[PDB]
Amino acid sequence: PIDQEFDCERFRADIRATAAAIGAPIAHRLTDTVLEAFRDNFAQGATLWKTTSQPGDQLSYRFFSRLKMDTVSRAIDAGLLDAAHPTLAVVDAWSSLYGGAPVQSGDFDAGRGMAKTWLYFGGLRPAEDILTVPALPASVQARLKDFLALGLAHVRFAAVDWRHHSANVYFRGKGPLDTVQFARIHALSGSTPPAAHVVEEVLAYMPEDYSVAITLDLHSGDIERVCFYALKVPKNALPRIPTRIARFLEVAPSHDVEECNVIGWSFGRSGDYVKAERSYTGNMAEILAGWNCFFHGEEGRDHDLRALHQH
């Protein structure tokens, strides 16, 4: 097809093609297994592409869910996730919060299969509710005070990395983000402070009430990476980007009526990189707006957040 709608056969071809275009690995049978197990999730949700500037990095593909279901159980059913995985208890605890309000989405790598389980928690959730579930060890729960001291008091998403027993926890803070607050957040990673123009550019791309994704080791509580990102950046307003990201944004196909590109700056001890996502089918921008995400060039004031901070 050439139209906007998700089509599974075209998606198979586009995964192979896009992976070849950016020099990413491919696992043919494994990809077919993912597509068979999660076809309806991809069809009903927003399906989109992701990669990073690391040479040879995986082509990733994600569904953001409209169909609410136990995606982890499905993944286990399909042989895509170990039934004994030690991170299952945390994911079950987070999914069960608020009477089961959170909704699971899924991230996959063309060369490795299931990569991450995402949770959208259905609102501005107190950090305490997320970071003190009994499934988390004391060393992880102990980081709560560090987040609260930075004003990172509400969580909107968590992306659980099954390969690394880590979670990227997505906070929203009352901003604007300034040089010092960036420095305090970046310092959590333990990585070398960037030069001032790196920071100036990130700040230029933030909504007033900013997001940050913090990488948390779910055994030790160590933080070795933080990420700031900008949603639905128009191609003529892109920040400076690595040539691999520019290539990705040129070759990964988007069929959405409203194109949605995402740029993320990831800072961590193992090395910094740039992340990018690009819409494919099923209206990425719509689902993000419904989750109260803020887009580039729009008002990014969170009035609910500002009420919660006033109390």
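All residue numbers are counted from 1 along the displayed sequence.
When the two stretches 18-26 and 299-307 are set side by side, the higher mean Cα temperature factor goes to 299-307. As recorded in the PDB entry, 91-99 is the stretch of 182-190 and 91-99 with the greater mean C-alpha temperature factor. Looking only at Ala213, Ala115, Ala230, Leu218, the residue with the top Cα B factor in the deposited structure is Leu218. Taking the deposited Cα B-factors for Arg172, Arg225, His197, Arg163, the highest one is held by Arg163.
Looking at the C-alpha B-factors along this chain, the one for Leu124 belongs to the highest third.
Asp146: CA B factor in the highest third of modelled residues in this chain (values from the PDB entry). When all modelled residues of the chain are sorted by CA temperature factor, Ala43 is found within the middle third.
Among all modelled residues in its chain, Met69 ranks in the highest third by Cα B-factor. In the PDB entry, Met284 places in the middle third of its chain by CA B-factor.
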